[PDB]
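> Build me a structure from this.
(2 chains, ligands or ions: 4)
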Number of protein chains: 2
Amino acid sequence: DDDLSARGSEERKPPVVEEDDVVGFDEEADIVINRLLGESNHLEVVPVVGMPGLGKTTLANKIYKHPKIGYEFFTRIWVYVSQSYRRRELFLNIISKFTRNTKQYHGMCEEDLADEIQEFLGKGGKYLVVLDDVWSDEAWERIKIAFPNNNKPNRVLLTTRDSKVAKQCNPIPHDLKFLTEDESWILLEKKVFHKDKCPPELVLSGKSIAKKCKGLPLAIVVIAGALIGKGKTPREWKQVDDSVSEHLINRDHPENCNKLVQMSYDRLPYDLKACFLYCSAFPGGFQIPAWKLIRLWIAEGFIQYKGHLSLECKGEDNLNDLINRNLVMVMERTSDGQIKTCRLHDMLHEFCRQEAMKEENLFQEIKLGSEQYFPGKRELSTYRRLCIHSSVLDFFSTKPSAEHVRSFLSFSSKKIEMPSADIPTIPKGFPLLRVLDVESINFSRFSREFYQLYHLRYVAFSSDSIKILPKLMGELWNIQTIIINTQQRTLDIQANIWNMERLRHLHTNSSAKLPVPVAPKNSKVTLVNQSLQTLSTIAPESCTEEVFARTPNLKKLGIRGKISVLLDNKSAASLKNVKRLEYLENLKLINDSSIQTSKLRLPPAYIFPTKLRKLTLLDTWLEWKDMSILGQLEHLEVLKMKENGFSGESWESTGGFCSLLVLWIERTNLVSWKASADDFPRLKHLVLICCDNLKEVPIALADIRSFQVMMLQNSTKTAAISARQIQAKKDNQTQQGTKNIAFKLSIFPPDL
Amino acid sequence: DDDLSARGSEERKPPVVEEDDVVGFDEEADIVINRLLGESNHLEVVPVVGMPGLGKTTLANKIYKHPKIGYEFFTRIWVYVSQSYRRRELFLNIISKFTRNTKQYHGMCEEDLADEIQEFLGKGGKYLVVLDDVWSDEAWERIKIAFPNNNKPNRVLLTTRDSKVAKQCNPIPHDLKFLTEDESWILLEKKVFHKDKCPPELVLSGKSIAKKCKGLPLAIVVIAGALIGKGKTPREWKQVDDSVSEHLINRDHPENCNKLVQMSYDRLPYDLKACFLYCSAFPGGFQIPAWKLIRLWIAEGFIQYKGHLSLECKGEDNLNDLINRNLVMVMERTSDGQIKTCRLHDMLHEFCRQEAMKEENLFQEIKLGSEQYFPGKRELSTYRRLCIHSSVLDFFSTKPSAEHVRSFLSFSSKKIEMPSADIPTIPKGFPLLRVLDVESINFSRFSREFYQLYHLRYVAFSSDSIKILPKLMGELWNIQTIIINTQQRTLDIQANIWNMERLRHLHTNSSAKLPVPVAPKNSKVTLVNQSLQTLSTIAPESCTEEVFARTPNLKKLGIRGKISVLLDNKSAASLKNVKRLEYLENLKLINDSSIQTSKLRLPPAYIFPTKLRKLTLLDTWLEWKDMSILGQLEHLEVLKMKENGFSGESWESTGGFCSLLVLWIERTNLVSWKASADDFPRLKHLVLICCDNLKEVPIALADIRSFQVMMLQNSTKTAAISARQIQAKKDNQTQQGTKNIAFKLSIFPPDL
Ligand SMILES: O=P(O)(O)O[C@H]1[C@@H](OP(=O)(O)O)[C@@H](OP(=O)(O)O)[C@@H](OP(=O)(O)O)[C@@H](OP(=O)(O)O)[C@@H]1OP(=O)(O)O
Ligand SMILES: O=P(O)(O)O[C@H]1[C@H](OP(=O)(O)O)[C@H](OP(=O)(O)O)[C@@H](OP(=O)(O)O)[C@@H](OP(=O)(O)O)[C@H]1OP(=O)(O)O
Ligand SMILES: Nc1ncnc2c1ncn2[C@@H]1O[C@H](COP(=O)(O)OP(=O)(O)O)[C@@H](O)[C@H]1O
Ligand SMILES: Nc1ncnc2c1ncn2[C@@H]1O[C@H](COP(=O)(O)OP(=O)(O)O)[C@@H](O)[C@H]1O
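Residues are numbered from 1 along each chain as shown, chains lettered A, B, ... in the order given. Ligands and ions are numbered 1, 2, ... in the order given. Take a look:
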């Protein structure tokens, strides 16, 4: 008899980078910048202090990516220090950012670990460090031992939310400023309407809203998301106005922000409402892989197929919507421009964890204080999903048991070996499992009970010693996604992939030798699966036309092993088979052999599928003359070569890359590059890493409109000079009135 | 120019059980026993409360062994609950009391583990359980889940030092009373003069001393220890009295007791002073094995060659003196009467640990509060010895590094597996290690660096998968003691045991096949070691005249494998070879085979060594006639058969066991035994386990004067009736007044 919100559903559009500028934060950035290099030849910290959600990390990032900072300091490191940081991993990451080899530093202790960072940071010159979210003095005191004072100016900028810690760091703390009402309205309007200005009738309500928030940017962001969610009518704006007035009666108290979030969370469609709380199953501050979160959504059953739109495409669309609402923060992006990593804001993570734990009983995490004890069987029976990120081996020593647990997730930081006597603890404890993400857990083997988990839907695991997948592994029919990581070079699959009815993905690091696909003699059914979309690394010998036949809709492919077999005339038909797969859009060719036993030549262009959009090559040692073949591809859009992908000293672009957007060349011995503006009409991003041997970059690239961003790392001085000429040329073109997209140039070593 | 305490050193004599009776505590014992059957068909607790060292444990143990308690309750369990108790091990031990095989319980959870105990006590009926040293209320609440409230008259008796927990467990705690002045004097006299009476001259002094102890038995006993250390002269007693009055002005301060202990510690000779404090390296409340502790003293170098006594004998004498002074209390004793296990009292343990860690810097213990962090490299550099009993894997993940560490020992009840990545951590850290006890830690392998560490002197370790000892393991020249535990049935020694000159004792839990002794071709030196004292479990095939020739100082020999190979005279002469050992006290034979493929016959008497005093047979399945040969042996004093070592339905006593003092028979098929008093003149203790078939026990054995203690477990009711007839004859002896120690008969089931 009663119904509300009766309306149709419209389209939601892609999340292109926007509002890259920070509103009004530049003055604070400049005042902070002034205190940098205040006293040469000394190490000092610059505290930044304020309440959560105010914009401290936005300022820190704006400074860290400022031009003057990059020019002044050759070395710069960004490190995250959470509430629950760990020092050894932090030092490993710091050392890794500089070093190239991982083995040397692993056997060392944290003090000898700090000494290497000391020398590394000291040698170059001036260095600027950034510390995010430091909670206690002891954290800073323990961390700082790594930072050396090498008689030259070196600075560190740290952000914290408590006044006492900042007092201890420096006698005088820097205190951030709340936005003025005009700035509040400007930010709200820019976020809600993007380029377009606010309609006159909506202006009066928008001004009142901006004013209530009090100038805390996070509240303005959340309210803007809610406003775009609702739709634009004067009545709707009045309706949001009345509520925001109530919520913003007290502006400084914490819970108010939570209430605002609740508002934004209420309007969310019920499909996205579970996806949004699921993101908070991960640890606070964790960087979520986009593909792994979207796959964990389909297996949970949060995503429901509705017509033609694919489950994975739909899930990516959901993530784009969540980002657009400003609920999810986009940490990184791919070369394609698509999202790569994401995380939730601290306050939003708290809200989501509390809601999912208490109101909805979606999952529970087992976090133990020292006095506390691990729960017993009775309580665990009530749980539906588990999540253990802290000590889990101690949890499994208890020999837990729970029949009503369907999922288990463990996003540990380290990798933990499972004792041989505890391997059966997982299956026997949880025989009704649906998802099992234990990649941070290393399995020496699998007990027999792993093959009776008939309800398993997604599995990800890591095993150092695994070399053979038993036939029994193919018994389970429910699994839709599998991800495998193994240190062993060769993986032999004995489970029959083709009978498996559900799997929509397969992904491995090692090479995979598929069992030959044979139709049963007595069965009418044919083992063709429409659901499969990838085989990340199949062995070259397994690229037989039958195997390609079994996979109709693979939207991606990848081969690891010897590329010569497919390139060789005897087995050239093997590579020619790739023409069969129509859907292909992403092809990766990795080579592991370290001996250049012969030269390699690409077969003609028509062999490659028509849609191929992204291509990556590693250690193939191909001649730069073959680039014409890859140019003949009409759709190919991102091209990456790494670890000497193309070998040769002279390359002359011959055109063909009509629809290309990104070039990525890494660790090649090219010396002379020749090209014209018509070679790459549509290039946007250009990456050149460790090209220690190339004399010059074609100035013709300066004449191309799509060319937006350029990056050079560990390159020759002449290359940097040519890049600086290109920058000047594009600045002149933009100054000449042409509607040319803005040009940015970064040289990783600024002195090049 | 100044000297003091000039005197000669006199003998110290063995610590035989003495003052088994407790002074003036029978009142509380009968009060607690008066709570017996207070309200039938219900579960309740009896709290005992006081200050540390008052006598709560003594009173509880006196009640537990009381005849009335044993009669009323068939099932009785001792349980120790320290401050650092863990629930899971407690349940397993409780179940181990009832059932022989506990493998089914290992895969279970703690709640089902409690259910099994509850069913077991349901079978039992009336039951009294004792809990010692309960610190917190939550401890009692968590533990009590195991005890079934099945509407039976069952009791819990809990001892605690805190009033709050006692009152919460029961609103009427039993407040223990302080010993009176007369009882104080009598207790002091007993502890000092044992069965001898106090000389009149000292009497007054002792009385004063007793009155100054305030009725705290711990103070009285430690003071008696100090007095026995000083001597028995009036000046010594007066000095002790003055010092006691000096150090015990106050009452409620626990540190006063510590001061008293300090007074005893100062007089202890400098040699014993290292031991006394070393004993505290073990975890608080740990049940220290005697052989392990003594050999640790040997390896560390505290026990140095002085005189002619073997190092092991000197260590055993040291432990006996420590016990005599009442610093170390005796937990268990062997059948022959030697000490088996020991521990240190809580207050004395605290005193020793504080002194060792703070003043002498003998070692350091790493116990971490949750907020706390594991020490850094600088701090660890100043440590000479380490001991980790808490989480050690977390410590090793930090990759510690200290070059001045000479010992690393970790004692625990639960074994832990070492990750492969962590395996190299120990060797790199301690290239100068003098001793290593990682028996709780389990190694699948050892890193190559492990076999290089030449400083090691004692090694104890456990490995589940080890099957072969590599030749490199023989390189290490310093090791004096080795102890190995392996689950594998067969151990292959490839290190040249004879080349190694340092080793004094080798002990194993699995058959070891010795590399055949080879005399070096080019070396004048003979590979004969006088230091070696035993090979606990060698393979039968290893028994050879040459191997025995190598070792002339073996007091103990034990063999595990096929006994038939040696026993047959046609092939080889191994059991004839064992004759060539001048002095062999302990000989053990264990048969792996479960089939009587060949009947086994004992070689003649002249083959056995002259002095054999302890002999153990397991599954040998010899015939009762062969008893005569064992009877022909002259000096035999302890004899044990277990697991059907001697099988047959009829045994007629030949006689001649002139010197036998103890006879242990377990798992025998005998039904009838004929004996006369002259057959076993010197019997002291007789033990019968799980003899569900024997018809009767001989009446003549009751005529043996030396016969003191006899116990029957899981025996026939008719056997128990004959045993009660023997006990009635012993009561008749007591009525007569024969100068034979009073005889007590204990049966595991009272109803038998
Ligand atoms: O799948 P692609 O379109 O080919 O992108 C790949 C992929 O990352 P994403 O799937 O998240 O985009 C790689 O990871 P995997 O496919 O193996 O899982 C990743 O790293 P690896 O090639 O080492 O595996 C690589 O990034 P990078 O070039 O830094 O190595 C690159 O992602 P990007 O296009 O963002 O670089
Ligand atoms: O050495 P003890 O402390 O006296 O223990 C002895 C025996 O040793 P002995 O034959 O030298 O007396 C065994 O101890 P170890 O040989 O391993 O050192 C052990 O028997 P198992 O090792 O075969 O189990 C044990 O057995 P239990 O205590 O169960 O009777 C037995 O104890 P007793 O001292 O009472 O004879
Ligand atoms: N001046 C601003 N303009 C645009 N967005 C802002 C501004 N200040 C803050 N934000 C947004 O508010 C959110 C929370 O701010 P954040 O950077 O986390 O500050 P803090 O770390 O101090 O809470 C961020 O996602 C950021 O995008
Ligand atoms: N009547 C007695 N009361 C208490 N302790 C006694 C008595 N007689 C001897 N002792 C000594 O007390 C020691 C153990 O008891 P103690 O630790 O003092 O009490 P509790 O363990 O209950 O605190 C034994 O070594 C024993 O020698």
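> for the single nearest residue of chain A relative to ligand 2, phi and psi?
In chain A, the residue that lies nearest ligand 2 is residue A:421 (22.9 Å; Cβ to the nearest ligand atom). C-beta: built from backbone N, CA, C; applies to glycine. Backbone torsions for residue A:421, taken as degrees, to the nearest 10, come to phi -90, psi -10.
> Pull the number of nearby residues for the residue nearest to it when sequence neighbours are not counted.
Counting by Cβ to Cβ, 6 or more residues apart in numbering or on different chains, residue A:421 lies nearest to residue B:417, which is 7.2 Å off, once chain neighbours are set aside. Residues near residue B:417, counting by other Cβ atoms under 10 Å in any protein chain shown, number 19.
> quick one: contacts for residue B:417?
By Cβ atoms under 8 Å, 6 or more residues apart in numbering or on different chains, the residues touching residue B:417 are A:419-421, B:441-442, B:444.
> coming back round to it: the residue of chain A closest to ligand 2: neighbour count?
Residue A:421 has 15 nearby residues by other Cβ under 10 Å.
> got it, and residue A:89?
Around residue A:89 there are 11 residues (other Cβ under 10 Å).
> Can you show me the helices along the stretch 151-300 of chain A?
A:163-169, A:181-193, A:200-213, A:217-230, A:234-247, A:255-267, A:270-278, A:290-300 (DSSP state H, counting those that start in this stretch).
> quick one: the last one to chain centroid distance?
Read it as helix A:290-300. Computed by Cα atoms, centre = their mean, to the nearest Å, the chain-centroid distance of helix A:290-300 equals 14 Å.
> Please tell me how far the residue nearest to residue A:252 when sequence neighbours are not counted sits from residue B:266.
Spatially, and ignoring its direct neighbours in sequence, residue A:252 is nearest to residue A:51 (7.4 Å; Cβ to Cβ, 6+ apart). Distance, residue A:51 to residue B:266, by Cβ to Cβ, to the nearest Å: 61 Å.
> try residue A:613
Counting by Cβ to Cβ, the gap from residue A:613 to residue B:266 is 86 Å.
> next one: residue A:639
For residue A:639, the distance to residue B:266 (Cβ to Cβ) stands at 84 Å.
> same thing with residue A:378?
56 Å.
> now residue A:90
Counting by Cβ to Cβ, the gap from residue A:90 to residue B:266 is 50 Å.
> from the contacts of residue B:417, which is closest to residue B:20?
The nearest member of the contacts of residue B:417 to residue B:20, counting by Cβ to Cβ, is residue B:441 at 39.3 Å.
> close enough to count as contact, that closest one and residue B:395?
No: applying Cβ atoms under 8 Å as the test, residue B:441 and residue B:395 come out as separate, 11.8 Å apart.
> More neighbours: these two, which one.
Between residue B:441 and residue B:395, residue B:441 has the larger neighbour count (other Cβ under 10 Å), namely 21 against 18.
> what kind of secondary structure is the more buried one in?
strand (DSSP: H, G, I helix; E, B strand; the rest coil).
> picking that back up, which among the contacts of residue B:417 are in contact with ligand 3?
Among these, no residue sits close to ligand 3 (Cβ under 6 Å from any ligand atom).
> for chain A, longest helix please?
helix A:717-735 (DSSP state H).
> Show me what counts as buried in that helix.
Going by neighbour count (16 or more other Cβ atoms under 10 Å in any protein chain shown), the buried part of helix A:717-735 is A:719-720, A:722-723, A:726, A:730.
> Can you lay out those residues as TSV showing distance to residue A:240?
Formatted as TSV, the buried residues of helix A:717-735 follow (distance: Cβ to Cβ, whole Å):
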residue	distance to residue A:240
A:719	54
A:720	52
A:722	54
A:723	49
A:726	48
A:730	44
